[PDB]
Structure formats: C-alpha cells, structure tokens
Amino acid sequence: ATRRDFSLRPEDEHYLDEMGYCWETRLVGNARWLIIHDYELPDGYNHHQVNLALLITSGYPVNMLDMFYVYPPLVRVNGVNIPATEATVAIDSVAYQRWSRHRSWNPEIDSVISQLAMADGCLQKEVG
C-alpha cells in the first residue's frame, strides 16, 4: 500500500484507488513493478487471494504491457496445472508465477486498466 517508488498514468492510479486496491509501485533495480496486494480470486484454486503484479515496461504506455504475475503460484484445486504458467520471475527475491497470456496493444486505449481486466479474465477462465 504505502510503497510508491514511481507513478503510473493519472488515470491508472485513479482506477486503482476507485477499485479500493491495496497497491504498491516498487522499483527493483531499473524494473518497475505494480503489485496489488491480496487480490481476491474466484473459487477453484489452491489459494483464494494472491499478489497480482504487472511489469511496467520502459516506454509504457507506448511500449506494451505483457503477461502478468502472481504469488503464491496457482494450481487448480484438483491439482491440475494451469496451462502456460510454468515460468517464475523473482521480484525482490520472491518467486512469482508468470502467466503467458498475450494480446495486441494499442497505446491510445491500453493501460494497466485493460491489462488488469485481461488478468482477471484469465483467472476466471482457468478454474477449469
């Protein structure tokens, strides 16, 4: 929550606040991480809350956002692995699961807002 090493777009921050998220911006070296704490998940996973993180790429929002990251790593409650989620990326030493989920990026309309909407859509989808 209180950690804010850098700014997003003014519209991003307004959206994250209007959503009532506990959110931080964390610089790790030169990498800019958005981390949403205790993001609530639908039922069907080994966990019901995660940290949901976006890597804010250099040149954002003309550079695209790509994929998303969660900690702890998610598995379906029946033990089946989520497809295309086998990589991990360390954020300040904590190993996040990286979801390989890709889409076209239009700088006039895409942002953290649409990237979090994609993340939620994937999380809803992969309960089964």
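For every residue, the number given is its place in the sequence shown, counted from 1.
Averaged over CA atoms, B-factors in the entry run higher in 93-101 than in the other of 93-101 and 60-68.
Higher mean CA temperature factor between 107-115 and 11-19: 11-19, per the PDB entry.
Ranked against the other modelled residues of its chain, the C-alpha B-factor of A31 as given in the entry falls in the middle third. In this PDB entry, the Cα temperature factor of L55 sits in the bottom third of its chain's modelled residues, the lowest group.
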